[PDB]
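>>> before the rest arrives, take these chains from my complex:
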Amino acid sequence: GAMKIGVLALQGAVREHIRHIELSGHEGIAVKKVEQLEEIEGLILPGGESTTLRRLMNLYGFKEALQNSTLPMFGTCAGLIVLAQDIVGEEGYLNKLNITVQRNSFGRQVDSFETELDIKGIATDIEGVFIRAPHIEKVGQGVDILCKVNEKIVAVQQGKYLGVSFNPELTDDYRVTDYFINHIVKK
Amino acid sequence: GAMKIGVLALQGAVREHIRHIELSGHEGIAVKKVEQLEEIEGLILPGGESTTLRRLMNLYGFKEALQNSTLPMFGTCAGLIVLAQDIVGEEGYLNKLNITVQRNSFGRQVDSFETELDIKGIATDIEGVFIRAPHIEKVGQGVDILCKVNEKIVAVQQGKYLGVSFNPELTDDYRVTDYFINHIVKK
Amino acid sequence: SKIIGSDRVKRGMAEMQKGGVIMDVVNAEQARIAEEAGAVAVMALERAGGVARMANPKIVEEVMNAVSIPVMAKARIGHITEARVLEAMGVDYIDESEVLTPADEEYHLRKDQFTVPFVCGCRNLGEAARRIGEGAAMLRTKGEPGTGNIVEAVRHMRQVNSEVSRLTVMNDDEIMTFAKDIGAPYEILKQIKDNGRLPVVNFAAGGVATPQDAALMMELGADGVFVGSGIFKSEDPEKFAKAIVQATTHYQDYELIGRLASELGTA
């Protein structure tokens, strides 16, 4: 019934993800220590600064604990970067999604935007907010491409792993977290 | 499941009765107009001034509506006076409980008190607060005497009608309202 | 056993009094009208012209023997023996009233020594918390008695309500100096924030003179109305008191209030 879903509370919009978890009818846990990973059935890597998030995960055993964990994951911006196997110009981190992603494909904040997104299998009018968002350059075998914007894909799903370039937590539409919890963690 | 219980919100401790209803797992409705009586499955006549309560009920059709209503009732102090068929020195009002009750049997407020009460069928340590409370002088046929204090009975139950001289709403113990809702209204 | 005098009993006597109006009274025949009009209690009293004292015990007993609703009498500020005499008569409530000429311009009564509950006037959270600390079991607004002007009652009610609402959501680190700023007992402010509401019942008192500004007090957050002698200054005190009761209990039936105001027609 009521499932406990964790949000990596190292840095970023953790309150918004916890609120969206509570909107889906579940309990949210802001995880800051590795031990809390043993108390949740799902993990959301929230939006923030991928550099800061990497630096924080590398210092408390989070990288080794999450590289070896069998927990399903939902990465937004930065979280998608952290989940990718390869990063253009840098190196892959958690190596969970067989994709190659480039950081800051659009302009800087003076070029961030909002739009409507038709995500395959969720909804046809998701309110997507792109804030210096990355884009997925290449996909591997077994990676479903859920949503693209101008031939540049931004939303993918590989089995029990879900990655998006936009940040749905900043909106009042909680359908993405609902889909993640009810069709990935509940499977 | 969740039952709507009404409290006569003409005068008296209505907030406390609504709180105790909410503590029992049900919804409370502060009834001030006769029409609201059609929306509740049970009625609580709260503690207050019996004179003011009579004067308010006589002026909005509440006396005729409640004398003809088939709704179960729970009267505390004043509410017990209003529910009685006979009142020493005065006249009976709603004529719901076949009992004769005397108002202000103890002293004035300089003689009000608290005590422990062993109510037959509820609990053995109810926290009873008597504030210029009446006492039931005589009982009729079919009136169960639930609790007495100093040979003066103060808690009775006749079928779907429950009367008490004390005010349990002023305490944190909500067992009396719970018993009323679960064993009288739910019957 | 018989836990008589517990604070819960003192403040429950007034907590199960809210929703009604207490009108003051001079003689037994006015108390008859007050009772038969729906008043929850009567304020027995005798009378910028001199020094006001306690109402003679004879008149208080005359008012007491005439009604079955609770009767409360007024005592001078800090007057120990006056409140003690009112307690000996069995009076249900003593009003440590600033309307009467005070007896101790510095120190209020030691209300927690008595077994009879007290009601005191307040204009902000500071005075209210101080009265509660001294042992008061009920609060009212100081207002402007004898003027029919609701301005002061509104001001005091809104002030104390806004201050307690601020305190209910105030940081725990900031409460202490807050108690230092408004001159209030600190533990009482902590209890206010813990309970989430004012630990005692606060009524309106002062400029209430029409059904409109009697229902306005309940609309503003007051739990009841203290009405002065203006009731017996109209052409028909019976209908006036009845309309005040109706407007106090149904403070949001505006057509009812309009009809009651149309019925009345005096100053």
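Alright, I've got the coordinates. Numbers count the residues shown, from 1 in each chain, chains lettered A, B, ... in the order given.
>>> ok, which stretches of the chain are strands?
Unless you meant another one, I'm taking chain A. Using DSSP state E, the strands of chain A run over residues A:4-8, A:27-31, A:42-45, A:73-75, A:84-87, A:97-102, A:113-119, A:123-130, A:135-139, A:144-149, A:152-158, A:161-164.
>>> meant chain C actually
Listed in chain order, the strands of chain C (DSSP E) span C:21-25, C:41-44, C:71-75, C:93-96, C:118-122, C:139-141, C:202-205, C:225-227.
>>> in TSV, list these along with mean neighbour count and distance to residue B:7.
Any C-beta I mention is one placed from the backbone N, CA and C, and that applies to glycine too. Shown next, in TSV, are those (neighbours: other C-beta atoms under 10 Å in any protein chain shown; distance: least, C-beta to C-beta, whole Å):
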stretch	mean neighbour count	distance to residue B:7
strand C:21-25	28	20
strand C:41-44	28	21
strand C:71-75	27	26
strand C:93-96	26	25
strand C:118-122	25	25
strand C:139-141	28	24
strand C:202-205	27	21
strand C:225-227	27	21
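>>> turn these into TSV, including distance to chain B.
Putting the strands of chain C into TSV (distance: least, C-beta to the nearest C-beta, whole Å) gives the following:
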stretch	distance to chain B
strand C:21-25	9
strand C:41-44	7
strand C:71-75	9
strand C:93-96	7
strand C:118-122	11
strand C:139-141	17
strand C:202-205	13
strand C:225-227	12
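>>> another chain to add, chain D:
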Amino acid sequence: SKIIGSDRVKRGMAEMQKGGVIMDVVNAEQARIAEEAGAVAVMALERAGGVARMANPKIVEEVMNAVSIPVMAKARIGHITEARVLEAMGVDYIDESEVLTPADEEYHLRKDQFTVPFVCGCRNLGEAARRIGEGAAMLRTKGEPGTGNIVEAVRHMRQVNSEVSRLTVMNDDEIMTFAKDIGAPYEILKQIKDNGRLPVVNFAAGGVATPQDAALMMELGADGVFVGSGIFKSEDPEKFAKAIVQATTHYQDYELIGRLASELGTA
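Below, chain D sits with the chains from the block before:
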């Protein structure tokens, strides 16, 4: 469907009222004269001597049933239940009037909660913008009621007119601190500059007592005239009200105004 209560309806009730004069009224027979004299509406009221309240609903209904033109009644400042009772009676406009003794010396009414439009007094762009923000749907000058001295009406009208004219051509960079200086809602000032005029109708009210200074108000920029009881203090209230209507509608026919003034001859 039925978009009832939209701000456009509230302020249109007064926007299609400009060009005429609203004279106050005490009884039905004065309302007859007001209607048959060309008044666009009547101000139903009952009366430095005491505390002024709402006019008894009986007299307001007596004035209401006597005329087909809109009737408006006065409510005390910040008096919630008074304005609510006037709303329940169907009164077309409530004047949150500072002439009556206020009820809340700190906070005005929450006018946007009501479905009946309100009219409030103002002396500068600050008070006007604050009243508009609180939900007022009409504005008038505070003036000096009961004196017949037009000085205060002229002063307030000219002040608010000069301030809104300044704001209509004021730099966008300077508006915010301007709103901070006059104590006004900032979005309302932006809307003022965007629309180019005052977002609501501003009437004259106070010292109007002759046709001359009734036409002077329209010459100064007012949209209408609020006239007090001085009409029924003359030798012929009918001719006086008729002349006031004529001078308000044709405020630049000076020979007509001269003839009307020659006809009249009282204080």
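>>> for chain D, see how far away residue A:32 is.
41 Å (C-beta to the nearest C-beta, to the nearest Å).
>>> also residue A:55?
Separation of residue A:55 from chain D (C-beta to the nearest C-beta) stands at 40 Å.
>>> next: residue C:72.
From residue C:72 to chain D the distance is 27 Å (C-beta to the nearest C-beta).
>>> repeat that for residue A:107.
Separation of residue A:107 from chain D (C-beta to the nearest C-beta) stands at 27 Å.
>>> burial measure for that residue, as a count.
Residues within reach of residue A:107, counting by other C-beta atoms under 10 Å in any protein chain shown, total 10.
>>> same question, residue A:127
Other residues lying near residue A:127 total 16 when counted by other C-beta under 10 Å.
>>> isn't it up against residue A:116?
Yes - using C-beta atoms under 8 Å, residue A:127 makes contact with residue A:116 at a distance of 6.8 Å.
>>> which residues of chain C fall in helices?
Secondary structure of chain C by DSSP state H: the helices cover C:7-15, C:28-36, C:57-64, C:80-88, C:125-134, C:151-168, C:175-182, C:186-195, C:211-220, C:237-249, C:254-263.
>>> add chain E to the structure above, sequence below:
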Amino acid sequence: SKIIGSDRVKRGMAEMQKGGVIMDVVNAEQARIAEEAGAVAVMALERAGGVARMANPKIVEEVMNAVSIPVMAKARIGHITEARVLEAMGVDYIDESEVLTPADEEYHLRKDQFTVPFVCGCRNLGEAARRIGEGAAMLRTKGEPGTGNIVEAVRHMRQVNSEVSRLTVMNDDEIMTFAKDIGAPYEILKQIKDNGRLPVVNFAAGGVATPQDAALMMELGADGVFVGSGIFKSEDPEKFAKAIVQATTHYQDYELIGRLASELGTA
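Let me add chain E to what's already shown:
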């Protein structure tokens, strides 16, 4: 379509920035350390001795090309062309900073005309609401920059937090005059009470100099920490910035903060 410049995007750029520390930077090699230490953004700047202006676009571009985290630059108060030039360079945030010598001692920038979000300093709910009304998309405490004394940051944070907490539970009737008292736009206060929190992110800025009072800011309610040049005034700026990041993210692991403080050892 492509709703670029919408307020939600402006303030989301900072809302998904909370939980981290923004340390200022002078040259590219300091920005490298800031990025590799866990900073969420860098404040590009050049330097009681003269008049401070914008940091030369050359040095801002040098800092920009060295890091992938967002870089923000400082502009003079009310300096239109300075903020416009910083916007043309693609700077992620402009700080309408009171640290630099102002350019308009009366009127702040017209921040809602820009498509780049702004961050402004505040000391109470009044200044914060005024900055939000002018179009600011982020707030920080004014503090006492260049002193290492946390007193002013604590004071401003606690003041604005207590005031917004008061407003979240404040009566709807009293808000307007409240906005008049603190000199704030009224609609912004209504939106504050409706949302229940401050409509934008408020960071700490000023006296932050140790990990202890960096975690204290997060304990007090701040969403992040603005750190000055003191990082590069220690013996090891890398370890200092790393410890500040650690204490900002885990502001309640007190043994961790103790170890980080033991490691550091400078002024």
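>>> now that chain E has been added, could you go back to the neighbour count of residue A:107?
Using other C-beta under 10 Å: residue A:107 sits among 12 other residues.
>>> so what's it up against?
residue E:90 (C-beta atoms under 8 Å, 6 or more residues apart in numbering or on different chains).
>>> and it, how far from chain C?
Separation of residue A:107 from chain C (C-beta to the nearest C-beta): 41 Å.
>>> residue A:167 now?
Residue A:167 sits 30 Å away from chain C when distances are taken as C-beta to the nearest C-beta.
>>> could you check how far whichever residue of chain A sits closest to chain B is from residue C:73?
Proximity of chain A to chain B (C-beta to the nearest C-beta) peaks at residue A:1, 17.1 Å away. Going from residue A:1 to residue C:73 by C-beta to C-beta, to the nearest Å gives 61 Å.
>>> tell me, how many residues neighbour the nearest residue to residue C:237 once chain neighbours are set aside?
In space, and not counting its chain neighbours, residue C:237 is closest to residue C:231: 5.0 Å by C-beta to C-beta, 6 or more residues apart in numbering or on different chains. By other C-beta under 10 Å, the residues close to residue C:231 number 27.
>>> for chain A, which residues are neighbours of chain C?
When proximity is defined by C-beta under 8 Å from any C-beta of the partner chain, chain A lies next to chain C nowhere.
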